[PDB]
Structures are given as structure tokens and as C-alpha cells.
């Protein structure tokens, strides 16, 4: 069976195990630095299997050795943000956590695809590839699938149609400078601009950019985890089942969109090989101005990162 290790048994990590367990994709190992929490959640999720009717070996541990030879490593060990806080504000703390987790996990699963979740996403994914020394295409960050999910939900709501017939690409760093792409958004093949007037669409775009903060302000004591976990799980599945999914993820660029040496949200084809191909959309001038704005923001965090 496939082996999936989730490093950090917090809200996102545990919910990822939940979405995953239901798909019967393989053994799931929940690791955490706090004793009892992963073991407890693992056992509890395990005990639900007879009810839901899924066969899954879910275990919790505080020992990295238990993650050895994993096919996929999900990193959700970073500290979350509190209201009135920015994802980059977490960089110093999460950089240490991320470095700690990667340096211990990577060596034990050299053939694993690492899916980073810790914020700030782009900078942490970059730090992961950097610490693991893994092939760039096997070190990616979850962000775009979530961002686009929010965006697609808002448009489905606004248009009054099933979220099943809604697709939308979105690029950039996982932050305020985020860049949803209305031109690359459709409903059963039809441009969304045909369904939503410019003013409403622009609001939707703004809501998408602040989507994470919106939830943080409501919860007060934590950040989102249902959508984020669902996104992470869709990526794990893409990899384990080599589905060749076309989705936005934080991938290492070497010139695409005119950007180099940076993890940035771009559309890719996800499969057993991890990032199998980085798509290069024909973005117009407006879109590119937005994209470049985001690029500059991410670059900023990298400069912060490199000085830590």
C-alpha cells in the first residue's frame, strides 16, 4: 500500500487525514511533536472506519522513523496566524519548524513528493526544496487549489450554479498579491464574464484574495482547514494515482512567465512524478502586471527568508 506521512497533526494535518482516509489511498501516518495528539486523532479516525466503511491504516506518532519510505510527505506543522496578522508574519517561526521537519523527514523518504502547506507557502516550499535537496519537481506547495476553490465557490454562489461545472485558474504567491484569472475561468466551458458583471466579479476577485483572512477573523482562534485540507488531499491523490490533474501549485520556476529561481503559483500537470509540466499561459498586459506584482511580493519574502 502507498504510504502518506502528514507532519503536523494540527487542524489542517488532521483534516487532511480525514479527507484522505475516505479515499482509501493508502496508509496514513500522522506525526506531531506533541505526545498524544496524533495518536488520539489517528485512533479516533480509525474507529470511524466501520461506520463509513473504509479500510485504512491510520496511525499517530512522535517518531520520525515511522515516516520512512513514504510516497508523499505533507507538511502542516507550521504555526497558524491570528486575526490582524499576515502570513509572512509567520516566516521566522515557521522557517525553523519547516527546516526541522524537512531535515528529519526528507532523508527517510528520498523518493517522496513533498507537499508543503506551512505559511508563508511560497517561501516555505522554497525552503523545503532547499533543505531536502530533492528534485525541484518533487517539492511543491499547496495554495492555488485552495485559492481557486474559494474563487470557484464565490462564482458558483454568485451565478447560482453547481460548483461542479465551475473551473478557474489562479496564479501567484499565496498572499494578498494573489492573482485570480477571470479570463481563465469558465462554467461548462463558458467564460464567467458571461455570468457575472465586472463590478460583482471584481468584488469576487477581492474576496478571493482575502478569503483566508475572512475565515481567520471569524474563527478568531485559528485559520481555515476544511478547504485547505481538501486541496492538499486532492494533490496527494493526483500524485498517488498519477492523475495528470491540471491545477495551480507553487512550483519552482526557471524562466516561465519571465520569473526565475522562485517558488510561485503556476498551473502545472500533477502526477506520479510530482510537477510533470509547468504550463505557460498567454497572459495579457493587465494579467502580467498583476502577476509581476505578486512575483515581487514573493521575492520579498524570499529575501526575508534568506536573511533568517
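Positions refer to the first chain, counted from 1.
For the pair 63 to 71 and 242 to 250, the mean B factor over Cα atoms is greater in 63 to 71. Averaged over Cα atoms, the B-factor as recorded in the entry is higher for 287 to 295 than for the other of 287 to 295 and 12 to 20. Within the selection 221, 232, 118, 188, the deposited Cα B-factor values reach their highest point at 221.
Take 147, 206, 199, 214 and read off each C-alpha B-factor from the entry; 199 has the highest. Residue 136 sits in the highest third of its chain by CA B factor, as recorded in the PDB entry. Ranked against the other modelled residues of its chain, the C-alpha B-factor of residue 103 as given in the entry falls in the highest third.
Among the modelled residues of its chain, residue 237 has a C-alpha B-factor that falls in the lowest third according to the deposited record.
Compared with the other modelled residues of the chain, the Cα B-factor recorded for residue 47 ranks in the lowest third. For residue 183, the recorded CA temperature factor ranks within the lowest third of the chain's modelled residues.
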